[PDB]
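Line by line, the protein sequences are chains L and G.
All residue numbers in the first sequence are consecutive under our numbering, ending with 1268.
All residue numbers in the second sequence are consecutive under our numbering, ending with 303.
Following: one structure in structure tokens, then a few remarks.
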Amino acid sequence: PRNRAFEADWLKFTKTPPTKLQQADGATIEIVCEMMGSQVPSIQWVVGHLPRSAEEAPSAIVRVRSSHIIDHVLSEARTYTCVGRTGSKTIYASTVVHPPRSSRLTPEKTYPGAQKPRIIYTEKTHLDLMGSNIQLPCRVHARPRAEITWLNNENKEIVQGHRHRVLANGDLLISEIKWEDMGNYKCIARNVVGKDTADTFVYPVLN
Amino acid sequence: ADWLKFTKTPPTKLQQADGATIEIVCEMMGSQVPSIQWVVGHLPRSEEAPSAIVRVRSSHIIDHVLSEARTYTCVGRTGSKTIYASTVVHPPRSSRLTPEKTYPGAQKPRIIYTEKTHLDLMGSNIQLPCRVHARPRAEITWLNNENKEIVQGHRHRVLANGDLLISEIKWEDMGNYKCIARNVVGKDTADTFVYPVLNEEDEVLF
């Protein structure tokens, strides 16, 4: 019904993970996957296992990004597969990461010190229906654990309230969305060594 | 019904370390295609693209030592809307360098004007910026939504100023377009997400 809102189930990579990466000694690898599709697509990362092979209503359309962090030197080449799902649709893409040819570090041992926050699960774009309850993710990789703050569509810090709740896992829950809620939402993740941020565009999918 | 909002405001105060290059960033989102202009040393006083929505990021580069504190204002415009925000940058306490003189030698590319998101009408022509600060001038390469290098062709053209022109966009054009700016020192990259839509009556252009 060529407003895209009526075409569930569909799912497309918007950032396909690299086919191959070469790890430098001591480097932290971040493998990024991004996809967009009907409803709220989920992304799972699978290590070391290669792939082997409806309502009469509009749906949300969500663009979601997930990062896999390798913060140790690999002992051997390993495969990492991004698996995306929404409804009955599944898409996959894999990355082979190669270890450095030589290393002055212990392989497969997590790098020791503090680590700057990285937001590793986030929605870039959330197009939805008015009145819906939405939950915007902000999952973080950080040592020590990051403090999470959300800004709303007026750049004001969000405090816990009747229609807005910040969850312990970093998610922002907004109940019964309306036009006045539309726009940009920013997650800020901070610890003693640094900060990361991520923006989510929330907008009506229809009319 | 135009709207325009900051998504990243520049810092209100910055301290320049001696010999340091400062990059001031402002990001905004709005209807049509908002533009960002930087105004130096003048504190504020008191194309059209219907159906488009764009996130735009602009950087101002200070690659000289300041002789005195200076103000930098990010001014955004779209339709009849104007927004702005300012930064004061302070010079180093002491400097062994000549003030206001551009730092010598090569500089790694910085992409200083880019759209993070370009939502626009099916059938329309879009022009995605990739403005670069680099010495020597950077080589610019775009990759399409399948990570393949874009060559000059029928619906795709790369301009001398770095812009990617995509003619008569269709649903299959949806996705991320990467600008790579490279010179002898290194590279910078940026992604632009393109989302083709229909107009207010669910039609493509024309």
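The beta-carbon is built from N, C-alpha and C at its ideal position, and this holds for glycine as well.
#1: How would you list, in chain order, the residues of chain G whose beta-carbon sits under 7 Å from the beta-carbon of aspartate 1260(L)?
#2: Do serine 1128(L) and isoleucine 1181(L) have their C-beta atoms closer together than 7 Å?
#3: When DSSP labels each residue in this structure, what does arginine 152(G) get in the three-state scheme?
#4: Who are the near neighbours of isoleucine 1249(L) in its chain, counting only those whose CB is closer than 6 Å to its CB and skipping five residues on each side?
#5: So which of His1159(L), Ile1238(L), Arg1224(L) and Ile1219(L) has the shortest CA-CA distance to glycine 1192(L)?
#6: Shortest alpha-carbon distance to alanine 257(G) belongs to which of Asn242(G), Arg234(G), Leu240(G) and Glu243(G)?
#7: Let me know the secondary structure DSSP gives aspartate 99(G) once reduced to three states.
#8: Assuming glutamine 224(G) contacts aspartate 270(G) under a Cβ cut-off of 8 Å, what Cβ separation, rounded to an integer in Å, is found between them?
#9: Counting pairs of Cβ atoms below 8 Å between the region 1069-1077 of chain L and the region 1092-1101 of chain L, do you hit three or more?
#10: When the distance is taken between beta carbons, is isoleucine 1130(L) closer than 7 Å to residue 1029(L)?
#11: Please list, in chain order, all residues of the same chain as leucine 194(G) whose beta carbon is under 7 Å from its beta carbon, the five residues on each side excluded.
#12: Rounded to the nearest angstrom, how far is the Cβ of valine 122(G) from that of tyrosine 169(G), given a contact under 8 Å?
#13: If you measure between the beta carbons of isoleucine 133(G) and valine 151(G), is that distance less than 7 Å?
#14: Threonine 1075(L) and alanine 1154(L): beta carbons closer than 7 Å?
#15: Less than 7 Å separating the beta-carbons of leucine 1111(L) and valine 1158(L)?
#16: Under a CB-based cut-off of 7 Å, is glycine 259(G) close to chain L?
#17: Express the C-alpha separation of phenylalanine 303(G) and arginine 1200(L) in angstroms, rounding to a whole number.
#18: Looking only at its own chain, which residues have a Cβ that is under 6 Å from the Cβ of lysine 1177(L), when we skip the five neighbours before and after it?
#19: Mapping DSSP to helix, strand and coil, what is residue 77(G)?
#20: From which residue to which residue does the beta strand (DSSP E) around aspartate 217(G) run?
#21: Within its chain, find whatever has a CB closer than 7 Å to the CB of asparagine 296(G); leave out the 5 residues flanking it on each side and keep chain order.
This is what the structure gives:
#1: One-based indexing of the first sequence puts residue 1260(L) at position 199. What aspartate 1260(L) touches in chain G: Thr104.
#2: The sequence position of residue 1128(L) within the first sequence is 67, counting from 1. The sequence position of residue 1181(L) within the first sequence is 120, counting from 1. Yes. Within cutoff.
#3: Your numbering for residue 152(G) matches position 55 in the second sequence. Strand at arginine 152(G).
#4: If you number the first sequence from 1, residue 1249(L) lands on position 188. Counting only Cβ-Cβ distances below 6 Å, and skipping sequence neighbours, we find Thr1210 and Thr1258.
#5: By one-based count along the first sequence, residue 1192(L) stands at place 131. Of the candidates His1159(L), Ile1238(L), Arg1224(L) and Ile1219(L), the one whose C-alpha sits nearest the C-alpha of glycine 1192(L) is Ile1238(L).
#6: By one-based count along the second sequence, residue 257(G) stands at place 160. Comparing Cα positions, the closest option is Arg234(G).
#7: The residue given as residue 99(G) occupies position 2 in the second sequence. DSSP places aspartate 99(G) in coil when its eight states are reduced to three.
#8: Numbered from its first residue, the second sequence carries residue 224(G) at position 127. Numbered from its first residue, the second sequence carries residue 270(G) at position 173. Incorrect: roughly 13 Å between the Cβ atoms, too far for contact.
#9: yes
#10: In the structure as shown, chain L begins at 1062 and stops at 1268. Residue 1029(L) is therefore absent and cannot be evaluated.
#11: The residue labelled residue 194(G) in the question sits at position 97 within the second sequence. Here the set comprises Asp115, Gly116 and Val162.
#12: Here the question's residue 122(G) lines up with position 25 in the second sequence. Here the question's residue 169(G) lines up with position 72 in the second sequence. Between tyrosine 169(G) and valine 122(G) the Cβ distance is about 11 Å, and since that is not below 8 Å, they are no contact.
#13: Walking along the second sequence from the start, residue 133(G) turns up at place 36. Walking along the second sequence from the start, residue 151(G) turns up at place 54. No, they are not a contact pair.
#14: The residue labelled residue 1075(L) in the question sits at position 14 within the first sequence. The residue labelled residue 1154(L) in the question sits at position 93 within the first sequence. No, these two residues do not count as a Cβ contact at 7 Å.
#15: As a first step, residue 1111(L) must be located in the first sequence, where it is residue number 50. As a first step, residue 1158(L) must be located in the first sequence, where it is residue number 97. No, these two residues do not count as a Cβ contact at 7 Å.
#16: As a first step, residue 259(G) is located in the second sequence; it is residue number 162 there, counting from the start. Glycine 259(G) does not count as touching chain L.
#17: For this step, residue 1200(L) is matched to residue 139 along the first sequence. For this step, residue 303(G) is matched to residue 206 along the second sequence. Each residue's Cα considered, the two are about 43 Å apart.
#18: On the first sequence, position 116 is the one that residue 1177(L) refers to. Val1254 and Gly1255.
#19: For residue 77(G) there is no data in the structure shown, the boundaries of chain G being 98 and 303.
#20: By one-based count along the second sequence, residue 217(G) stands at place 120. Residues 204-218.
#21: Reading the second sequence from its first residue, position 199 is the one you call residue 296(G). Correct list, in chain order: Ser148 and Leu218.
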